[PDB]
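Contents: one structure, followed by commentary.
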Amino acid sequence: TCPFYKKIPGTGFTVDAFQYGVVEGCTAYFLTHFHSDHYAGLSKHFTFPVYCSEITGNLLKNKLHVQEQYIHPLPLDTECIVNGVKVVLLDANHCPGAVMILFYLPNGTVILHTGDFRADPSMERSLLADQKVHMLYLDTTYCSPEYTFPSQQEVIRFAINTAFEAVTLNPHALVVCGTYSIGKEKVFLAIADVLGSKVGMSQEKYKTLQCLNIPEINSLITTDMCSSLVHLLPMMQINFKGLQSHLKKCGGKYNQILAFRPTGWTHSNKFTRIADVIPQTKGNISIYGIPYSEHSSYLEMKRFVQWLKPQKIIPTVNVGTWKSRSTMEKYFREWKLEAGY
Ligand code: NI
């Protein structure tokens, strides 16, 4: 049974609600982005209308085999009428294809559903500037002040400078980057660009990247691993054992691995600056954990909400414990008292 925070009142709509069977009253199912916790339940046998971005609809057709007749892609930043209701899709600054959804209810209520997002001051100049929002369905993944991390641009600077130094010192070093979903593609594209290389990967991952509308992608990636000195592997293989096994397979081309694990936040963020980050090392293998986030930090989240001034907030993450729900409610009230709405 579908939980209340996935239903949009006064509509026939649900958001990210594919694992509940046939939801009573639902005439259109929205999907904010192609991450497994959100698409859970979709498959080639789904027979109701799915509304999403063009990039999400490419992934639905090629990776999940949803039939074409049920995929309804909408352009961004464009007023569209769905089943008699005005909607707008906005870029979420999450992974490729990820959107926020504005719903203009027939009674005059305006609802923003953020999906998963990394809030940014640029959103203060989208179509959100132009009218009031009554209800906010909010990605609260990092809603606590302990959750700090650097900008994406600082993290990519660190990765590029680290990889370029290592490979210039040792031209026989291989760089490996971990992945387990879409998102975070800048990590491996930025490193391969400084090295003058394509990124090498499995056929399965190449197929996924080919659905993302990245400019000039054919110039940037390949399935020919032998031609590439940046390799992608499953996140599970980014450990000393898995990396040793991979180095064996490269036929003595390489004598060292430098690997990256993009994570979200980790407790080593509560002590160490990005500049001071060091790897774990065993022999000729070194592994960096880098804090590349596609979700709002606490401060980014608080700025967005204090600018938007919603009348009511419904969290969509960390909703399963009383302690989490009470913590989030306290911060929402602080923010409103501080800003005066
Ligand atoms: Ni996500």
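Both backbone and side-chain heavy atoms feed into the values below; hydrogens, waters and symmetry mates do not. Residue numbers start at 1 and run along the sequence shown.
For the pair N318 (side chain) and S324 (backbone), a donor-acceptor distance under 3.5 Å is absent. Proximity of a side-chain donor or acceptor of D139 to a complementary backbone N or O of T114 within less than 3.5 Å is not detected. At distances below 3.5 Å, not a single donor-acceptor pair connects side-chain atoms of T272 with backbone N or O atoms of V277.
Between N58 and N213, some side-chain heavy-atom pair lies under the 4.5 Å cut-off. Side-chain contact between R303 and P121: present, with at least one pair of heavy atoms (C-beta onward) separated by less than 4.5 Å. A 4.5 Å side-chain heavy-atom check between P73 and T56 finds every atom pair outside the cut-off. Inter-residue side-chain proximity for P310 and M135 is flagged as unmet; no heavy-atom pair is nearer than 4.5 Å. Annotation: side chain of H38 is in contact with side chain of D116 (closest heavy-atom distance under 4.5 Å). Put simply, the side chain of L60 reaches to within 4.5 Å of the side chain of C52, judged on heavy atoms. The shortest side-chain heavy-atom distance between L76 and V99 falls under the 4.5 Å cut-off. No side-chain heavy atom of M301 sits less than 4.5 Å from a side-chain heavy atom of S297.
The distance between the ring centers of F18 and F46 falls below 6.0 angstrom. Checked against the 6.0 Å centroid threshold, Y29 and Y51 do not count as a close aromatic pair. Aromatic ring centres of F103 and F30 lie closer together than 6.0 Å. A ring-centre distance under 6.0 Å is found for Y298 and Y331.
Note: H94 and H295 have tilted aromatic rings, judged against thresholds of 30 and 60 degrees for the angle between ring planes. The aromatic rings of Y142 and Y147 sit tilted, their planes meeting at an angle between 30° and 60°. Ring-plane geometry between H113 and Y137 is classed as parallel, the angle between the planes falling under 30 degrees on a 0 to 90 degree scale with a further cut at 60.
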Worksheet item: Going through the checks in order, is the salt bridge (charged side-chain N to carboxylate O under 4.0 Å, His left out) test met by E294 and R118?
Response: CA-CA 6 Å; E294 292 185 339; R118 186 163 181 177; over 6 Å; no
Discussion item. Under the criterion side-chain contact (heavy atoms from CB on, under 4.5 Å), I'd like the reasoning laid out for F304 against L128: C-alpha separation, chi angles, the key distance, then a yes or no.
Written reply: CA-CA 11 Å; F304 178 79; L128 288 176; 4.0 Å; yes
Worksheet item: Does the salt bridge (charged side-chain N to carboxylate O under 4.0 Å, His left out) test come out yes or no for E334 and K302, once each step is laid out?
Response: CA-CA 10 Å; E334 290 174 9; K302 176 177 182 280; over 6 Å; no
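Annotation: cation-pi pair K184/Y292 absent, no NZ/CZ under 6.0 Å from the ring centroid and within 45° of its normal.
Distance CD/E54 to CG/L212: 11.5 Å, rounded to 0.5 Å. The NE2 atom of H134 sits 13.0 Å away from the CG atom of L112 when rounded to the nearest 0.5 Å.
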Identify all side-chain donor-acceptor contacts of residues 165-177 below 3.5 Å with residues at least two apart in sequence or on another chain.
from : atom 1 : to   : atom 2 : distance (Å)
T168 : OG1    : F164 : O      : 2.8
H172 : ND1    : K253 : O      : 3.4

